[PDB]
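Engineer: to kick things off, part of the complex as it is:
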Amino acid sequence: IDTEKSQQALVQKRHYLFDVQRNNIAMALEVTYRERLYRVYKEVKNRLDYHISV
């Protein structure tokens, strides 16, 4: 009985798998997005400092 009861709660917990995938999705998305934001911020800063330097 209890072993089946154990199997009940276990499968009940199965939903963790999906949300973790979701977590990586939203994470990696903002990563590439913010990485793009700092790529563009760095590159324009580079040209800006280059001219003011020379």
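Structural biologist: Thanks, I have it. Numbering: from 1, shown residues only, chains lettered A, B, ... in the order given.
Engineer: give the residue farthest from the middle of chain A.
Structural biologist: Ranked by distance from the centre of chain A (Cα atoms, centre = their mean), the top residue is residue A:1, with 41.5 Å.
Engineer: residue closest to the middle of chain A?
Structural biologist: Nearest to the mean C-alpha position of chain A, counting by Cα atoms, centre = their mean, stands residue A:27 at 1.3 Å.
Engineer: against residue A:17, how distant is that residue?
Structural biologist: 16 Å (Cβ to Cβ, to the nearest Å). Yep, even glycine has a C-beta here, placed from its N, CA and C like the rest.
Engineer: same question for residue A:30.
Structural biologist: 22 Å.
Engineer: which strand or helix spans residue A:7?
Structural biologist: Using DSSP states H and E, residue A:7 sits within helix A:2-12.
Engineer: about what we covered before: any idea how far the residue farthest from the centre of chain A is from residue A:12?
Structural biologist: Distance of residue A:1 to residue A:12, computed by Cβ to Cβ: 17 Å.
Engineer: and if you look at residue A:3?
Structural biologist: Distance of residue A:3 to residue A:12, given as Cβ to Cβ: 15 Å.
Engineer: put this one in as chain B:
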Amino acid sequence: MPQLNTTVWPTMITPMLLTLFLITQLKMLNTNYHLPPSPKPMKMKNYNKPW
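Structural biologist: Once chain B is put in with the chains from before, the structure reads:
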């Protein structure tokens, strides 16, 4: 020797043939020995966890 008196042989043969082959064999057949109680504490067809 009375044992040799062949006049009264069937009255000895018949009831023996009755009680040795029919009655006693039955009174045995009623005596049965059940197999011992063997509570199996290992029998669980649980399919693989569903997955």
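Engineer: one step back: can the helix holding residue A:7 be said to contact chain B?
Structural biologist: Yes - contact of helix A:2-12 with chain B (Cβ under 8 Å from any Cβ of the partner chain) involves A:3-4, A:7, A:10-11.
Engineer: by neighbour count, which of those residues wins?
Structural biologist: Of all the residues of helix A:2-12 next to chain B, residue A:7 has the most neighbours under the rule other Cβ atoms under 10 Å in any protein chain shown, reaching 14 neighbours.
Engineer: quick one, strands of chain B?
Structural biologist: Using DSSP state E, chain B contains no strands.
Engineer: what ranges do the helices span in it?
Structural biologist: For chain B, the helices defined by DSSP state H occupy B:10-18, B:24-29.
Engineer: dump those into TSV; add distance to chain A and mean neighbour count as well.
Structural biologist: Listed next are the helices of chain B as TSV, based on distance: least, Cβ to the nearest Cβ, whole Å; neighbours: other Cβ atoms under 10 Å in any protein chain shown:
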stretch	distance to chain A	mean neighbour count
helix B:10-18	57	10
helix B:24-29	42	10
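Engineer: ok, which of these comes nearest residue B:39?
Structural biologist: With respect to residue B:39, and counting by Cβ to Cβ, the nearest of the helices of chain B is helix B:24-29 at 28.8 Å.
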